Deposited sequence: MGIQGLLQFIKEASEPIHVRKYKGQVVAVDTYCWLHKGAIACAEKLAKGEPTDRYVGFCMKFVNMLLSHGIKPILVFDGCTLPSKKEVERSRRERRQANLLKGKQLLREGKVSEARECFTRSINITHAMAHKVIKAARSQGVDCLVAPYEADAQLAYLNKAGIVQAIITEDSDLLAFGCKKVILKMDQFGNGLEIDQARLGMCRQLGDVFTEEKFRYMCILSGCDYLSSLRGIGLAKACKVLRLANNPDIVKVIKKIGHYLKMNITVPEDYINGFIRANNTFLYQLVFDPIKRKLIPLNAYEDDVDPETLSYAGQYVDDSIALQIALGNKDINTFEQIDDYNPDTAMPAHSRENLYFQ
């Protein structure tokens, strides 16, 4: 999630209702709904007590989309991305920190802060995700567990034409090149749509409305695959690109100290880190539901060697990928928690 990205391109956003896509198909970043629903039962989840509320909290949104005549596809986060290892590690450590801070120092001190610390230590497991999957499937709703980050999977489904819109609360989806992104959607179906084509309607952006340039902006503003330089947020990220007359991004990143009149000594780790982040946004491994194959988000260009993109996701066998995608194989422990098969028992597969 990029800080201040909403306001920056506010002019490319319009308030809609889900009924706009009646008869059409939307894909959902379900982990957001899960994180939002687990809040109402953070205590039981922190203390390891059995709870089943988040499932209902997802199924009500599902029932709403279904009621307004939408075909939803629920996409789930899968294996942890190596390029995102640092950020995810940070989230892990913060989760453990809040978990301890509540569980021990608030069970005997003050109980009012206990729920607050518990809510800051919520960790969406694949088990819970599988509860939601079981429910949705029982109500006839297709599901898909991304090989890695659901961002890339959703972006793929939109760019491939399988879905026309994507429901999420994560603004990262734009940097991935999604056509339409529905944000901040409430219980009844009122949210903020963001069309990619409308990005040109933003004063502050300038000529940074193209996919590549917008991607660059998002990356060097600060993301989950690479932290920004100190003192550089969205505005200066945009200004650098606006003032850049040179097509090559590397030379620009090198002369970033000259463009902004700031004292910036750019390291090489930030250069190669930038290349890594770009390659992550471009070719992160997703799952093709039709062909049942693990593919890069975009087809590999001429200036990229696939053997060096280990951080963008590891290739596994197509059968293993298919089993992960069906939610049969647990992400954390790699065991067959289920044996669901789509061929037996107009779906995504076949």
**Complete:** Taking the deposited sequence from residue 1, the uncovered stretches are 1, 347-352, 358
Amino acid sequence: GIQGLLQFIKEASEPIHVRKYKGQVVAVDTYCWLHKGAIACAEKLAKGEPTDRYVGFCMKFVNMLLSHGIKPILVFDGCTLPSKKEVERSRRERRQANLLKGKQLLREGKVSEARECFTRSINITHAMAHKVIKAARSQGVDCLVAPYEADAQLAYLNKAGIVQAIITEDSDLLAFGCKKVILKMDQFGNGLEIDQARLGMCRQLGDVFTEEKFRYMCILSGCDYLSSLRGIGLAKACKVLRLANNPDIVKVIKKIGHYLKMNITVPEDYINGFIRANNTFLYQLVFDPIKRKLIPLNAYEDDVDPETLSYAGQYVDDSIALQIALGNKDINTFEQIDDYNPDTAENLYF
From here on, numbers count along this sequence of modelled residues.
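Basically, rigid core = biggest C-alpha set you can superpose within 1.5 Å across the two forms.
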**Item:** Between 72-80 and 231-239, larger RMS Cα displacement in 6 other deposited structures of this protein after core fit
**Value:** 231-239
**Message:** To spell it out: superpose each other structure in 6 other deposited structures of this protein onto this one by the rigid core, compute Cα RMS over structures and residues for 205-213 and for 244-252. Which is larger?
**Reply:** 244-252
**Request:** Higher average CA B factor in the deposited record is what I'm after, so tell me if that's 304-312 or 277-285.
**Result:** 304-312
**Request:** Decide which of the stretches 89-97 and 134-142 has the higher mean C-alpha B-factor, going by the entry.
**Result:** 89-97
**Prompt:** Of 153, 227, 123, 210, which one's C-alpha B factor is largest in the deposited record?
**Reply:** 123
**Request:** In terms of CA temperature factor as recorded, identify the highest of 221, 171, 245, 158.
**Result:** 245
**Asked** In terms of the chain's CA B-factor thirds, is residue 263 lowest, middle or highest?
**Response** highest
**Prompt:** According to the PDB entry, is the CA B factor of residue 269 in the bottom, middle or top third of its chain, that is, lowest, middle or highest?
**Reply:** highest
**Request:** Going by the recorded CA B-factors, say which third of the chain residue 119 sits in, lowest, middle or highest.
**Result:** highest
**Item:** Third of chain Cα B-factors occupied by residue 164
**Value:** lowest
**Request:** Ordered by C-alpha B-factor within the chain, which third holds residue 186? Give me lowest, middle or highest, please.
**Result:** middle
